[PDB]
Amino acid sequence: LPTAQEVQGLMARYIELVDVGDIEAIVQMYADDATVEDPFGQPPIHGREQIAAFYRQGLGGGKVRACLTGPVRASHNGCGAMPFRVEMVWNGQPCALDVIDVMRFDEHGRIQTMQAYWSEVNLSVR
């Protein structure tokens, strides 16, 4: 599995791709059988077309930004967790959302599971 240091690089790369809005590059980071639970508590999304649609829905507008708010925490079993903040415009109102993503990577360095922790308690109207 990816080492702790490699997990830190992969998870930071993911945020860089979200921030620029490269949907195809994000989807490429995922494994064939990957699941996305975003927000955690909702049913998992699976299937590569379905994951792509999820990111297109979320990032299609092109005006979403995302940045780490602290370092990636990484394990020795190919997993990690990171805190970040998303900036977006919601019905014309600039907003921010605080999020933590937890990821497990497979033996090939691809995301096998992603879980995004957030709810409206983490939303701030700027």
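Note that residue numbering begins at 1 and tracks the sequence as displayed.
Legend: mean Cα B-factor per stretch from the PDB entry, 78 to 86 versus 91 to 99; the higher mean is in 91 to 99. For the pair 17 to 25 and 114 to 122, the mean Cα B-factor is higher in 17 to 25.
When the modelled residues of the chain are ordered by their C-alpha B factor, residue 64 lands in the highest third. Among all modelled residues in its chain, residue 44 ranks in the highest third by Cα B-factor. Split the chain's modelled residues into thirds by C-alpha temperature factor. Residue 31 is in the highest one.
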